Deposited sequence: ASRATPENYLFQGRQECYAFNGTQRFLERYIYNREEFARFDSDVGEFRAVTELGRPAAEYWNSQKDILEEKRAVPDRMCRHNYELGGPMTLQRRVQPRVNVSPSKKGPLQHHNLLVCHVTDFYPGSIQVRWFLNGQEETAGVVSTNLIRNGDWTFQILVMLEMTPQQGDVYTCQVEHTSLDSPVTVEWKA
């Protein structure tokens, strides 16, 4: 009853700029549905057929030196141009995280509203960095240019003890600490 998939076909493409050590590398992908069949890699200098589906496409494109010359200029024309232009608000965006310690026997240190994604969350038990077989979740993208992370800690309390969650981030001069 119903549940018959409507007729649907898809084409998608990619234009990827890989910046590293002042170098730009450019990849252009041609994908039918979920099958990449043709690719241009600037380190290769010409098109390559990823699948048999893309052999006629890669053969014709490699015949036109006009087209090849236009793709070889992309690392300097687009990648380097957009990399140097956006440097201020994207390469150096800093958002300070917020830390929160509360239990659910696990202890959860919740870090919110931070950019970029590189962050270090360590657990301390009475000044000692007892990792104590800690379990942390993967990085959580919120989709609005902010990240999340949750780090669990197996704890068995002694009254008077203090657990400290220290968080080191590129947007923090000194580590932020919060105790339980």
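Can you list the gaps, numbered from 1 on the deposited sequence, where no C-alpha is modelled?
Sequence ranges with no C-alpha atoms are 105-112, 189-190.
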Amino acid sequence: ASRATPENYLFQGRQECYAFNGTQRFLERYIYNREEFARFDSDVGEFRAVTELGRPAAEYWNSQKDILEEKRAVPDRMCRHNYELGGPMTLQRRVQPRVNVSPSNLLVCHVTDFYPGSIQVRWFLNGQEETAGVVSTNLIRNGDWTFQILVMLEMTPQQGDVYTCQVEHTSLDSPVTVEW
From here on, numbers count along this sequence of modelled residues.
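In the PDB record, does 152-160 or 7-15 carry the higher mean Cα temperature factor?
The stretch with the larger average C-alpha B-factor is 152-160.
Out of 125-133 and 26-34, which stretch has the higher average CA B-factor listed in the record?
Comparing 125-133 with 26-34, the higher mean C-alpha B-factor belongs to 125-133.
Check the PDB entry and point out which of 85, 79, 106, 95 has the largest C-alpha temperature factor.
Answer for 85, 79, 106, 95: 106, with the highest C-alpha B-factor.
Sort the modelled residues of this chain by their C-alpha B factor and say whether residue 91 lands in the lowest, middle or highest third.
Middle third by C-alpha B-factor.
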